[PDB]
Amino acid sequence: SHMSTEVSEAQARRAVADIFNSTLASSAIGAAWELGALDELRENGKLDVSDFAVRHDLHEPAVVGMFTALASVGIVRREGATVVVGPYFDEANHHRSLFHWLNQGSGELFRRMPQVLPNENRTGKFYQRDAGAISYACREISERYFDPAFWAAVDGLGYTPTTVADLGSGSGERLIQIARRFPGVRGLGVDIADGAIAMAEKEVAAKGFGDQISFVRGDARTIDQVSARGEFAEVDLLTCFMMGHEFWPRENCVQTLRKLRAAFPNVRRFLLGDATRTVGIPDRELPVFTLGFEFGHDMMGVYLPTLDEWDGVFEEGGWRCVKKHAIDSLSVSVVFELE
């Protein structure tokens, strides 16, 4: 019953106030996640606002504001000094990392809409985001939304991997988790960014896998002009999560996929996971994330393929898709099992 064109003034007032307040609630979800408040609420059902501020050493008036913001749209409820879970708590907390991504991660982009849309401004580095914050969010995005399909694909491999390469390795956690599952395995993380490599190297060394897992800074799109090509022949498992859209547009993807197939000639399975562009969902029925993901990429000047466009590119790129998993639901996102 959602799409009315005629409403009363009172209704229009309430709706616009909700849109306003939703903005603050939205930012609060990620902030409350980061400050530990969503985990307290989830675990205990309630908490005490002063007691929370004191234990975490937080400016109490702003803590009250954070919780009021959440309460303004029904995520929590305030009752005296107490905050209890509200009707939408479970759902909001489920998707907290998407909110964090939207706000803490990509806030500066969407805030700068007026300066980002003008063509005269769209050269070189024209927007800013928070890499540390995006990295914070993506860990849970990876774990909450992609892991079941990822591990289901790893379980149906039909062989034990001995050397695994991961494209866009980020924190290096995927490679670490792999090493945990397959004790004897070696790992190769490829990433185009210095912070990622360093962060990943540190974590790897700290968790005791400095002997099994290494890294190389490189562009996966131009993987054939990298300085670690001699190690590639040993790789029998390839993984690539949350970055496949960077290989687009179509013709670049085709080439990149060919290059990957030639560069990793002994890879058996290649597990490829990403979010994709949706078509024809009504404006008033967009689920969580979809709009942020698509509008964010349009603002950054980055093309996002549909699922159908991935489907249609694998054969030319040298790969056969033998299984596909739908993700629930991070917009329309999937894991392809390629060989």
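Don't overthink the numbering: it's just position in the shown sequence, from 1.
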**Asked** Would 212-220 or 113-121 have the larger average of its C-alpha temperature factors, as given in the entry?
**Response** 212-220
**Per the entry, higher mean C-alpha B factor between 142-150 and 174-182** = 174-182
**Prompt:** Looking at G244, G187, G105, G74, which has the highest CA B-factor as recorded?
**Reply:** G187
**Residue selected from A92, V85, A193, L238 by maximal Cα B factor** = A193
**Asked** For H100, does the deposited CA B-factor place it in the lowest, middle or highest third of the chain?
**Response** lowest
**Request:** Quick one: classify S333 as lowest, middle or highest third of the chain based on its Cα B-factor.
**Result:** lowest
**Complete:** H297: CA temperature factor from the record, placed by chain third, in the lowest
**Complete:** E316: CA B-factor among chain residues, third -> highest
**Prompt:** How does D274 rank on Cα B-factor within its chain, lowest, middle or highest third?
**Reply:** lowest
